[PDB]
Number of protein chains: 2
Amino acid sequence: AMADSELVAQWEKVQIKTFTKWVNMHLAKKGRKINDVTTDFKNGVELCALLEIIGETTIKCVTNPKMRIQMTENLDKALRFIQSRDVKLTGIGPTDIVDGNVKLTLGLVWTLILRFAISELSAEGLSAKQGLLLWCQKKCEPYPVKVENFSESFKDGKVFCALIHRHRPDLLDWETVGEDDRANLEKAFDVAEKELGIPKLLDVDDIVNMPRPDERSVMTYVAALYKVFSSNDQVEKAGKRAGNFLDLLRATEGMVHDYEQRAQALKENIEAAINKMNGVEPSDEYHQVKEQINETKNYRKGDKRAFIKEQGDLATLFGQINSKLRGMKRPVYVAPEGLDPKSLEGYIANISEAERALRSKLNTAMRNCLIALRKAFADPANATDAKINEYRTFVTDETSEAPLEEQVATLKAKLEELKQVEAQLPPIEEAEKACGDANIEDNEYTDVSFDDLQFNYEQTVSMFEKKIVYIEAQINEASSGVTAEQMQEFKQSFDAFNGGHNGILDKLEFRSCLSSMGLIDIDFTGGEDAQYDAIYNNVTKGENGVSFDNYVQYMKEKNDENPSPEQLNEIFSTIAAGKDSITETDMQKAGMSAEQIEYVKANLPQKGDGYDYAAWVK
Amino acid sequence: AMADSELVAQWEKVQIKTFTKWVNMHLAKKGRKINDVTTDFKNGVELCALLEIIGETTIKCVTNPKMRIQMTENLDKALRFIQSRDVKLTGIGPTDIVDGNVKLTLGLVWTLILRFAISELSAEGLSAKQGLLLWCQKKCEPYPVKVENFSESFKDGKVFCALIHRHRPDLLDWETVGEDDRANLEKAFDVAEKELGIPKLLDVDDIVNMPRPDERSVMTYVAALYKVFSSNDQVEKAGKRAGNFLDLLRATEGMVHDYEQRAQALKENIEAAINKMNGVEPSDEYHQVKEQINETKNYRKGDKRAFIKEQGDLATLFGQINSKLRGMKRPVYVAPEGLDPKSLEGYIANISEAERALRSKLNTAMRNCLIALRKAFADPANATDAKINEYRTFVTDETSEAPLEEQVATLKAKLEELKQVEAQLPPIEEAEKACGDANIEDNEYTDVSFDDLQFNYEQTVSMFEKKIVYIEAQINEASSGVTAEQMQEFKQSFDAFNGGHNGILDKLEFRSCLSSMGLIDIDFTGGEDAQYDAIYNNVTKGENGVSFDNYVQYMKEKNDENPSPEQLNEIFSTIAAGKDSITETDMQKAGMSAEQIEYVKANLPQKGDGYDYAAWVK
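Method-wise, the PDB entry is recorded as coming from X-ray crystallography, at a reported resolution of 3.30 Å.

So, in structure tokens, the structure goes:
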């Protein structure tokens, strides 16, 4: 019977803890927390922040008021906001909150619970407390619970469970509740804490011990029932975070499209290039293989660069996107068969093999091409040097005992044959020149030169021609008055003066010849010599040019001008008047230029009084 | 006794022939000849030419006078010249010569013989005939001859011989004359004819037959005695011809000096060149052998040309001078030993051999030089490719069963060793480049390239580094919250973004990295991003750069932003208010962008009314 009064005190102790737990449930949204409503509101600051959250209005209370006037001034403005909303003002002034009056402060925390948690639940004749009760009565209708108030009804804790299942059957089982006061209460409070976001405003020990739980406290835990809604409606903002999370996944999905676009391009472009290398056939021509070698240099400078680089970059892309997935705890991306990075690396290894196989083909094409070019020249140059030298040996061979007229037949034979090789020379000149265009600079094949060929040819032909004329001259020594060794001299000069093998001496050629022989003082280049013009007319019968026959006729006439050995004897005799030794004196009387005389003196032997010419008969 | 009168007639016959023979002896100097003095003077022309030779004066008689007046006019002027010189005029008029009077004409031919042959031989009381007789008497003093007149004295012919011997003992022997009238006479007349130039004015038959030879005739043959002098004094002009002959020989002698000067120069210049070729030592350097090869090209273009040409020209000079000698019937010129044309030809053959021996040495220098250059590159390239590939094989070999912490020790071992080969690469690059400067274009020695070396190196080192980090990551998976496959992704991106091996991410490098990951919209090149600047400050503690440790710390914080699999479950539950299948409707009420919704619809499986997320718990 005594129970009544005793009960009220312990209720106050419970009501102070639960009212505290209700304030910092809203304050925690702003990082703020309080220990005790009866002491932490004395400065007015913590009330303004609580009013600002539940009120959606900016109050500017003085952040740490030290003197009583700022605290009281604080509560005039902060309280005036409270009073603006139809909360029951009743007794309270600002000083009542500064001075820390328990029962009035609890009454003030009570009014803003009705105003800000359950106000709208007024319903055409229903207070905040009543409508909330009817709300509770509705929600547990399927359940074997008896709900009369906010004390006795809640004590079993069977009604706490019935509210959560009705809204969320997912997280709390019903076929569970029995004689475990502690279990069902803890069951509810932890469920509210972990998935509903409601703090355990109520202590599990403090309810099982008491005859009745405090109405206001349990009424307050009713604000906690809605504060679970309140939190979730703010966790719909937390649910909008998953929109950013959705964005990230959708972006990550996109970059795999960029990978696959690029990976396919690389596979395409590679297979293509391999084919171009595999498609080219190595040349035979040097300049062609040179260009073919140059085209592989063009690849390695440009596309090869690009093919290795993109492969790496795509290995990086792949790893970067899977970095994202792994970190967002979604399953890893695997690429479509043969387009994963390691298969991409393999195509690189495939083209790195195609080029090496083609450069190998092309190296060897160059070697073979180059040996060809050297053999092009060496093999015929060797064969041709051999021929021109066999003929050389032959005209050099002094010894033949056969008749002289037989010698020239045989000689003229061999020359005709050797003259035939002349033809095969200019192909050899080509092949040497072709080696110079191919910048070849050694030839293991031949030590011969084309110039050596031409010189050996031209030399050996002259040796043939020179022997055949000379043996011709020895046949005709008989019939005509010209020693074979004299004909040689004539032919030697004539041929030396006739520039081509046009078989005649020009007007101009003849002059150069005679000026050499000193038959006219060398006036050959410039002037129009009346003397020469007369000599040339004479010599060239109608050949417009000096036939060799006409040349020899001229020379014979020049020779015929000269005196005989014995005719020259008589010439001297006449000077000396028959003396064998010729004195300077009688000779002088003959009147020769001193030059003439000194020449005699220096030439022929002195024999006493004069000089002998019996030596000159020899 | 009767003899007297008979004798006079035959004398006239003899006197006409000898007077004729005397006229044409002088006329022959002008190509003119007459048959008969008694008939050939009737036109006056032949007398004028005879007077012009013996008189040294130009008469202009009418060249062929047809009418008697020109002939007579002719003889007035021509006779007047005769009369000018103190010849005895006596009876003769011009008509006497036209009419062809024998005795007067003979008398006229007689006077000009005295005037023009023996005049000056008048001597302080002596006629022309007498002084000539005393002249004869003097000259035969040593001889057993008796000289009284110009008839009987000369008949034996012993006096004719005595005159010639006295002047010229050379050509007619004295110990000879006997009873041969015919011999001594013929002996004299032929001697006078061949060497004295006097025609046989006297007939050998006509003297032996007669009692006396005609005085005037034999007197005339006395003019022939002097006409032999007269001829020789004109053959002193013929002796001046030998001055021209002397000139020719002296010129021919000169040209042998020009030959010897030139032949010596050629011998000198050749021996010298041979020595320069024999003196050069073939190079080892390519560019050097190239230049050495080029110097032989310079010879063949220039000096070789000149050396062959001068040799020929001097063969021509030699033959030309001996042409002159041979034609002037002097003995041939022989050249001083080793400077004759055929020895000159031999020195040509000697230098034609020195060049061929040197080009052979130089060909081979090139070949050996070039093989060196290829082996320079091929041998180390082959050895080095082998090493980098043995290490490649090793990191490729998947299989080792030994502890993971042992694997990384062993791995880091091999990498350190392989890293050592890095050094030997740039010498190989040189040797390849050196082959390009030596324009080598094939290499039988190696199919390797330097680029292949560098790529195989750089690739294989990355493969080592990538395995060692990954096995490092597997050791530290335990202690720190990062899967080894996640570390790989981090390291792969980081290394990909750090340009050098400076072990940090730049301000600039970090941006490029994050813009890639899309952690800020790609504003990386241009602008000064307040956001990024704030992020960079945060991340780089004081490294002025992003340490990898700092990079991983950043990435871990980005990962920590993401929700749990089961945390994400609760996020969905809250949207559906505890429904397992999520309807478009309640979700829509949550207010996601339609893009978000369509993404869900397209991603997760439809399970009745809504879409399942039990799949996403996996």
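After that view, the rundown keeps rolling.
Trainee: Describe the domain arrangement of chain A, and please don't skip the residues or the numbers.
Mentor: Split into domains, chain A comes out as domain 1 (3-117), domain 2 (128-246), domain 3 (378-556) and domain 4 (565-617). When each unit is reduced to the centre of its C-alpha atoms, the spacing between domain 1 of chain A and domain 3 of chain A is 140 Å.

Trainee: Any chance you could break down the interface of chain A and chain B for me, citing the residues and the numbers?
Mentor: Taken together, the contact pairs 85 residues of chain A with 85 residues of chain B. Interface of chain A and chain B: buried area, both sides summed, is about 7,400 Å²; carbon and sulfur atoms make up 51% of it. Broken down residue by residue, the surface that chain A buries against chain B is led by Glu441, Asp447 and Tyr599 of chain A, which jointly contribute 9%. With a closest N to O distance of 2.4 Å, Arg359 of chain B and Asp452 of chain A form a salt bridge.

Trainee: Could you give an account of the UniProt feature "coiled-coil region" (unreviewed entry) in chain A, naming the residues involved and the relevant values?
Mentor: Residue and element names in this part refer to chain A. As annotated in UniProt, the feature "coiled-coil region" (unreviewed entry) corresponds to residues 249-276 and 401-448 in the numbering used here. Helix makes up 100% of residues 249-276 and strand 0%, and the two end C-alpha atoms of the span are 41 Å apart. Helix and strand shares over residues 401-448 are 65% and 0% respectively, and the end C-alpha atoms of the span are 35 Å apart.

Trainee: Tell me what's going on with the relation of the copies chain A and chain B, and back it up with residues and numbers.
Mentor: What relates the two chain copies is a rotation about an axis together with a slide along it. After a rotation of 180° and a shift along the axis of 0.0 Å, chain A superposes on chain B with an RMSD of 0.0 Å. In short, the pair behaves as if placed about a two-fold rotation axis. For chain A, the minimum C-alpha distance to the rotation axis belongs to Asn439 of chain A and amounts to 4.3 Å. In this assembly the copies share their binding face: 100% of the residues contributing to the interface of chain A also contribute to that of chain B.

Trainee: So what's going on with the sheet that holds strand β1 (residues 581-582) of chain B? Residues and values would help.
Mentor: Residue and element names in this part refer to chain B. Taken in spatial order, the three strands line up as β1-β3-β2 in an open sheet, and their pairing is antiparallel. Edge positions in the open sheet fall to β1 and β2 (606-607), since each of these has one partner strand only. Relative to strand β3 (residues 610-612), β1 is paired through two bridges, and the arrangement is antiparallel. Pairing of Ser581 across the sheet is with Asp612, part of β3.

Trainee: How would you explain the environment of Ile468 of chain A if you had to name every residue and give the values?
Mentor: All names here are of chain A. Summarising the element assignment, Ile468 is placed in helix α18 (residues 450-475). Its relative accessible area of 10% is what places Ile468 among the buried residues. For the pair formed by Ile468 and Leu415, sequence separation is 53 residues and the distance between their alpha carbons is 9.2 Å. Beyond its immediate stretch of four places on either side in the chain, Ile468 contacts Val408, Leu411 and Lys412.

Conventions used here
Residues numbered from 1 in each chain as written, not as in the entry; some residues may be left out. Chains lettered and ligands numbered in written order. Heavy atoms only, no water. Residues with missing side-chain atoms left out of burial classes, pairs and counts. Domains from an automatic or database assignment. Contact = heavy atoms within 4.5 Å. Buried area = accessible area lost by both parts, 1.4 Å probe. Salt bridge = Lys/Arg side-chain N within 4 Å of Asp/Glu carboxyl O. UniProt positions renumbered as here; feature names shortened; annotations may be inferred. Helix = DSSP H or I, 4+ residues; strand = E, 2+ residues; numbered from the N terminus. Least-squares fit on C-alpha atoms. Pairing = 2+ DSSP bridges. Buried < 20%, exposed > 50% of the residue type's maximum accessible area, 1.4 Å probe, protein only.

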